[PDB]
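First up is the structure itself, then whatever we jot down about it.
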Amino acid sequence: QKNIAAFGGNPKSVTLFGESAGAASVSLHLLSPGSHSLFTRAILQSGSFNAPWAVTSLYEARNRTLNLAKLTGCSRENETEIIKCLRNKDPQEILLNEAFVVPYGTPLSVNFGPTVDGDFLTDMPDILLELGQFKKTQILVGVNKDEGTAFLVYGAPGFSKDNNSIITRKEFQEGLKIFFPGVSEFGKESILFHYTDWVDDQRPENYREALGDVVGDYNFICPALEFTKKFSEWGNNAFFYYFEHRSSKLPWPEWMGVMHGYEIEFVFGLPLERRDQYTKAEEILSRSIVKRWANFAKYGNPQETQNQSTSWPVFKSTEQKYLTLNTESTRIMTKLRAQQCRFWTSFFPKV
Amino acid sequence: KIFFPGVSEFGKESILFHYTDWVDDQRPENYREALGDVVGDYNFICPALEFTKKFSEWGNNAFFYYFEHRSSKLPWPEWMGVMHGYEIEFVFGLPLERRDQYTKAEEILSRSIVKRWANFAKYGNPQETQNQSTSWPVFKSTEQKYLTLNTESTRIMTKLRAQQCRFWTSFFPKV
Amino acid sequence: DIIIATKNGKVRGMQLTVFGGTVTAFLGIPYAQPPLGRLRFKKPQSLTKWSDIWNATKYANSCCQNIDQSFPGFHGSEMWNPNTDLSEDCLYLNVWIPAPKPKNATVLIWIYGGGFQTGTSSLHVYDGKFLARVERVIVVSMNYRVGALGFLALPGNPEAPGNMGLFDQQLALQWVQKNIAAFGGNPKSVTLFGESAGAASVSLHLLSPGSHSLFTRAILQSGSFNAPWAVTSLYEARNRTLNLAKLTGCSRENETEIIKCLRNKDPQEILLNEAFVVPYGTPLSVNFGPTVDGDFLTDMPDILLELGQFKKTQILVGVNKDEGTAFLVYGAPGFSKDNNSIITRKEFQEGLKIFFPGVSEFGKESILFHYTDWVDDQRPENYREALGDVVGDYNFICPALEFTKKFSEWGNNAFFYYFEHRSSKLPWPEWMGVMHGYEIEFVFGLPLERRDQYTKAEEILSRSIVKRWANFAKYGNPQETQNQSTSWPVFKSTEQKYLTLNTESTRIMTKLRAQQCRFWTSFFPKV
Ligand SMILES: *[C@@H]1O[C@H](CO[C@H]2O[C@@H](C)[C@@H](O)[C@@H](O)[C@@H]2O)[C@@H](O[C@@H]2O[C@H](CO)[C@@H](O)[C@H](O)[C@H]2NC(C)=O)[C@H](O)[C@H]1NC(C)=O
Ligand SMILES: *[C@@H]1O[C@H](CO[C@H]2O[C@@H](C)[C@@H](O)[C@@H](O)[C@@H]2O)[C@@H](O[C@@H]2O[C@H](CO)[C@@H](O)[C@H](O)[C@H]2NC(C)=O)[C@H](O)[C@H]1NC(C)=O
Ligand SMILES: *[C@H]1O[C@H](CO[C@H]2O[C@@H](C)[C@@H](O)[C@@H](O)[C@@H]2O)[C@@H](O[C@@H]2O[C@H](CO)[C@@H](O)[C@H](O)[C@H]2NC(C)=O)[C@H](O)[C@H]1NC(C)=O
Ligand SMILES: *[C@H]1O[C@H](CO[C@H]2O[C@@H](C)[C@@H](O)[C@@H](O)[C@@H]2O)[C@@H](O[C@@H]2O[C@H](CO)[C@@H](O)[C@H](O)[C@H]2NC(C)=O)[C@H](O)[C@H]1NC(C)=O
Ligand SMILES: *[C@@H]1O[C@H](CO)[C@@H](O)[C@H](O)[C@H]1NC(C)=O
Ligand SMILES: *[C@@H]1O[C@H](CO)[C@@H](O)[C@H](O)[C@H]1NC(C)=O
Ligand SMILES: *[C@@H]1O[C@H](CO)[C@@H](O)[C@H](O)[C@H]1NC(C)=O
Ligand SMILES: *[C@@H]1O[C@H](CO)[C@@H](O)[C@H](O)[C@H]1NC(C)=O
Ligand SMILES: *[C@@H]1O[C@H](CO)[C@@H](O)[C@H](O)[C@H]1NC(C)=O
Ligand SMILES: *[C@@H]1O[C@H](CO)[C@@H](O)[C@H](O)[C@H]1NC(C)=O
Ligand SMILES: *[C@@H]1O[C@H](CO)[C@@H](O)[C@H](O)[C@H]1NC(C)=O
Ligand SMILES: [Ca+2]
Ligand SMILES: [Ca+2]
Ligand SMILES: [Ca+2]
Ligand SMILES: [Cl-]
Ligand SMILES: [Cl-]
Ligand SMILES: [Cl-]
Ligand SMILES: [Cl-]
Ligand SMILES: [Cl-]
Ligand SMILES: [K+]
Ligand SMILES: [Mg+2]
Ligand code: NA
Ligand code: NA
Ligand code: NA
Ligand code: NA
Ligand code: NA
């Protein structure tokens, strides 16, 4: 705000964009009254603060601060004395102990993250979202087709980047234990139930695909769609995309599909670099995404107006139109993961 | 186990789960009341409400009532409340018989139900038009208005057992 | 040790433990010159400034008032009596703030009832510490003058212009605009709330142009200014000021000479005579209350309501299931807190005489007629229940519903509740049901105190009401969003949806007391 005019920029036309925790951050700036006047609009790539990894409760937070003290020989009496001790520790001694403040972590553990501090965040963010207490502006929100797969190779039994990861029923069950460690037996059976009614050939990859869907729907896609619904109910324009292109250069194996984080290079326009070995179709998809992001930032409308492109409709409650981003045919579709999200959003929270 | 013998372990836990989140005093009758609700919702009330929704979606007028008066003469004990089958005597007008030991309020409730059933039969509209009565609204998808039948205050209400019926009607059949 | 710098100087507070946490309480901060001597009966004058640290560590003097002596030793009446010294030196206010000091907290300002004749901010059931702890709001409450000391009127004469206690309230709201940021509060997010005459006061601030910029929204618990006890006409007002003079040996010639005489009287001599300025009073008499003064209130409030001349904002409005019963034991024949109060037809008739003394014979028969068409068993309590319904519908429920309709017709969101839970601890007997004033303890979160012998279901109902009031104040929408709760719909003309508050099943219902209110609102006024 203070300096960008000197570089030829317009402080009145600032768009935030971010991916994963970076997207959850963009979403919290839409909520924080101290950020309201520092930006114009927002773009959220695979993340939002209502994802179940994004915000730590006060209770877990103090428990984690105190466990960190026990581990560093910093358990004290005066709280300000705990911190003063902690300031004397070598940064390495703090990093080494971070993983252990939690009794069981998952590959998506966020040990130290946003909290309701009464300053940045004045109330529980789900309450602010629901009651319309956020900056009124346009948003662009999206997710990748295979969000969940990247995490399976960081602890799910029977998975591996170096084979096809065909797993059994029993391995799937063990995998729900790895990803949902605090959850009751019934809570875990209910997941198995929703995701294993096969249609239907006895395909060997049934369980492998189901486990990636479980992880992506719960952690990324359903919270993104739900954030988008509630936000657009207060009258602002929203645009939703489903990214479904697997990079020709992806070094992870094929079963992992269109992974978490692998739209970013298209957004930054790396395939525009011809001397770089992306394909021609990839250059053109990146060039269209670049123009759409740029139009959204400048004009609040992510259209590509010159090349007979598919027109991107606004996302509303009720119709829930979204746009697919791929190398062949750009399509408008409706009600992404409708059945799955009813499960995660209206049933599972009760569990 | 007695009421859902063919049902999986998970199917049965899901019932326990929906019906035992207590609100909340540790009341000793919690489980007794929950088990009667389970049996009535699954077997009678949710299928009735669901039949009424689907039928009225094709354009016809429907009227829905919730009967909540316990007969002063009921020989079953009190914990059983407003039992299955014990509206019938009000519909047939037995309490109209004064020499029969129903109360005055019961004679009047039966007399109003008799007139409503009769008007529905003759005129297709179950109103009691002469005695400043509550007007019975048609039941539609979306609003789901229904009328309560009782001895004190006749009321229009909406969305009977909404949460319970979402369970029986959209989840449980999958089990 | 907690010291805050105000515009008028430093104040010191004290810390309280509440549910394993801390709240900081500043009790007894002055907000005006003591209105003594030549200032008796005048508008509150602004306060000078102190050098040194003002100690705000105990409740202050309550204002001069007659006391309820109908049931000595009985906690049901006596919990409403003042619990600090009575004095004309009573213009003080209280502040409860969360600890650690909040950054920009919403502010809730409580205005007590008592008929404009009684009441005090220091009562136990108005202690703001529970709301500050649980909801992280700041809670403010003030004392304001009541009785003749607060509402004597010779309209247009600044020695006794009328509405002085409403001006006392107004000046405390200004104190909050100027000072609350120093305590971590947001002057841009202030909600008024009040019960009974306190609610009627909140409603008059929605009408008074001098209050428009001192608050954001309003909550009205069992009261509004269109209730028939809430506003005195100019005619009754002068008659009452002059009768008061006859009684004190102050009848004079020059009006300013009447007031000067009255300023020499002992406060007791004024209190003693207050009951007699009226030829026949009822248990709901308001001898000295709001008037159309041309200053606070620029026209008859029913005219302002009807023509849309009020602050545009959200409101939350509600009533209790048995508003009328508390008043029956203060003069209705055959009633008693110590028996079941089964009364006859003839006692009911005598009771209408006690409650509607200026009303014609036909006016009284019309009431009997609307409320005694029995349905139908010859139940012995028919007449007892009918008389409480009469008193509650006329005085509280129908004026509240009517205020809510007219207000929401000008485009603002309104929420209406019907409170139907009888406290497990109620010391009044059962036939009195869900009495007037006995939601207040749920709103202030007293049952959150486990060591206090309310039930578990009561803790949970209070916790949900607390969250709803807090959300309304912060966000203008009284939802409880986390616990699968019933969603509270806005009240509109036409549908008239309202929410029930009870321990079992929270319900949305429509058209509360439709038939009764047609009677009170469209027929009875003609009588
Ligand atoms: C895919 O590989 C996994 C991962 O573990 C292995 O990596 C392989 C490429 C292989 O070279 C192997 O030596 C290495 O350990 C296999 O899962 C393992 O299966 C064994 C049974 O031998 C289990 O006891 C192991 O605990 C399990 N390891 C882990 C870390 O879970 C997996 O079976 C294989 N799948 C195929 C080929 O379909
Ligand atoms: C309920 O009590 C009233 C109130 O008056 C009485 O309080 C009682 C508890 C009792 O001890 C009695 O001594 C005391 O006076 C009764 O009303 C009274 O009824 C009498 C007839 O005896 C009338 O002449 C009185 O004027 C009347 N008193 C008042 C102040 O109105 C009432 O009858 C009783 N009702 C019951 C038991 O159902
Ligand atoms: C927060 O509090 C305790 C902390 O216990 C932890 O001690 C830390 C220093 C760290 O090393 C961590 O791994 C360890 O768990 C949690 O209680 C644990 O759970 C077990 C259950 O078997 C208990 O026996 C112990 O109290 C403790 N474990 C061990 C091995 O000492 C507690 O669960 C946690 N609260 C949460 C997650 O809500
Ligand atoms: C206002 O004016 C007179 C005031 O009369 C009153 O004198 C006061 C000092 C006080 O003690 C009060 O009790 C007394 O009533 C009212 O007229 C009264 O009504 C009677 C009817 O029987 C008349 O005979 C008298 O003028 C007077 N009564 C007595 C006993 O002296 C008048 O009604 C009132 N106006 C209103 C209420 O609108
Ligand atoms: C603890 O010590 C700090 C810093 O040394 C001091 O300022 C504070 O007053 C003390 N607090 C408590 C709670 O003992
Ligand atoms: C539009 O088409 C031209 C060629 O016809 C091409 O060079 C370019 O990549 C396209 N522009 C955008 C923004 O997609
Ligand atoms: C209507 O009211 C009359 C008396 O006023 C009564 O006798 C009768 O029971 C009522 N009729 C019906 C149909 O309810
Ligand atoms: C206010 O409170 C403290 C007591 O803790 C005292 O030191 C101070 O002087 C008091 N002021 C008075 C009594 O005026
Ligand atoms: C508090 O919030 C308001 C808006 O409701 C804002 O204008 C104000 O300046 C804020 N003050 C702070 C954080 O001190
Ligand atoms: C009466 O006396 C007052 C005050 O002493 C004086 O100012 C005023 O002019 C007089 N008014 C009338 C109407 O006689
Ligand atoms: C919500 O539910 C929790 C327990 O599940 C309970 O402790 C609390 O009283 C509730 N919160 C509100 C605001 O009602
Ligand atoms: Ca976490
Ligand atoms: Ca006390
Ligand atoms: Ca009056
Ligand atoms: Cl199994
Ligand atoms: Cl569709
Ligand atoms: Cl509804
Ligand atoms: Cl008669
Ligand atoms: Cl209706
Ligand atoms: K389920
Ligand atoms: Mg009171
Ligand atoms: Na990772
Ligand atoms: Na890459
Ligand atoms: Na029978
Ligand atoms: Na009273
Ligand atoms: Na009480």
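Note: ideal-geometry Cβ built from the backbone for every residue, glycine included; neighbour counts use all protein chains shown. Taken together, the values in this text are just the output of simple stated rules run on the coordinates, not laboratory data.
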Can you list residues whose amide H is under 5 Å from C:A105's amide H, if they're 5+ apart or on another chain and H is modeled 1.01 Å from N? C:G185, C:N186
What whole-number distance in Å separates the alpha-carbon centres of segment A:329-351 and segment C:369-417? 47 Å
Holding the Cα-Cα limit at 28 Å, pick out from C:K467/C:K511; B:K145/C:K364; C:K49/C:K265 the pairs that are longer than that. B:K145/C:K364; C:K49/C:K265
Note on chain B: alpha-carbon gyration tensor, axes a ≥ b ≥ c; rule is a/c under 1.5 for rounded, else prolate if a/b larger than b/c, else oblate; result oblate
Just how large is the dipole of chain A about the Cα centre, in debye to the nearest 20, putting +1 at every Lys and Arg Cβ and -1 at every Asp and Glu Cβ? 980 debye
Fewest-first ranking of C:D295, C:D373, using other Cβ atoms within 10 Å as the exposure measure: C:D373, C:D295
What number, in percent, do you get for the relative contact order of chain C if the mean sequence gap of Cα pairs under 8 Å and at least 6 apart is divided by its residue count? 13 percent
For the protein assembly as shown the translational diffusion coefficient, Stokes-Einstein from a Kirkwood Rh over Cα pairs at 10 °C and viscosity 1.306 mPa s, in µm²/s, is roughly 47 µm²/s
Mean shadow of chain A, computed from the convex hull of its alpha carbons, in nm²? 21.4 nm²
Once each part is reduced to its C-alpha centroid, what is the distance from segment A:241-311 to segment B:70-99 in angstrom? 72 Å
Put a dot 7 Å past each Cα toward the Cβ at C:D68 and C:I342; how far apart are the dots in nm? 2.8 nm
Tell me the GluC sites (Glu not before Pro) within segment C:239-328 that lie in a loop according to DSSP and have at most 15 other beta-carbon atoms within 10 Å. C:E253
How many nm is it between the label spots at C:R451 and C:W50, if each spot is 7 Å from the Cα in line with the beta carbon? 3.1 nm
Phi-derived 3J(HN,Hα) across segment A:106-116 with the Karplus relation (6.51, -1.76, 1.60, θ = phi - 60°), rounded Hz, x for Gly and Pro, is 10, x, 10, 4, 10, 5, 9, x, x, 9, 6
Take chain B, connect every pair of alpha-carbon atoms lying under 10 Å apart with a spring to form a Gaussian network, then pick out the residue of B:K115, B:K53, B:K12 with the largest mean-square fluctuation. B:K12
Taking 35 Å as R0, compute the FRET efficiency from the Cβ-Cβ separation of C:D89 and C:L426 and round it to 0.05. 0.50
Once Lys and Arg are counted +1 and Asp and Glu -1 for all other residues with Cβ under 13 Å from that of C:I67, the total becomes -4
Ranking of C:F355, A:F100 by count of other Cβ atoms within 10 Å, fewest first: A:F100, C:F355
Find how much the distance from A:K298 to A:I284 grows on full extension, using 0.36 nm per residue of separation minus their present alpha carbon separation; answer in nm with one decimal. 2.9 nm
What is the extension gain from B:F171 to B:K122, computed as 0.36 nm multiplied by their sequence separation minus the C-alpha to C-alpha distance, in nm to one decimal? 13.7 nm
Given a Förster distance of 41 angstrom, what is the FRET efficiency for B:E9 paired with C:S522, based on the Cβ-Cβ distance and rounded to 0.05? 0.10
With θ taken as phi - 60° and the coefficients 6.51, -1.76 and 1.60, list the Karplus ³J(HN,Hα) couplings across segment A:235-244 in order, rounded to whole Hz; mark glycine and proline as x. x, 8, 4, 10, 10, 10, 10, 10, 8, 10
So what J values fall out for segment C:89-105 if you push phi through Karplus, 6.51 cos²θ - 1.76 cosθ + 1.60 with θ = phi - 60°, rounded to Hz, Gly and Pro as x? 7, 9, 8, 9, 9, 10, 9, 10, 10, x, 10, x, 2, x, 8, 8, 6
With a 10 Å Cβ neighbour count serving as the proxy for reagent exposure, in which order, fewest first, do A:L140, B:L109 appear? B:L109, A:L140
For peptide C:474-484, how many partner chain Cβ atoms fall within 10 Å of a residue's Cβ, on average? 4
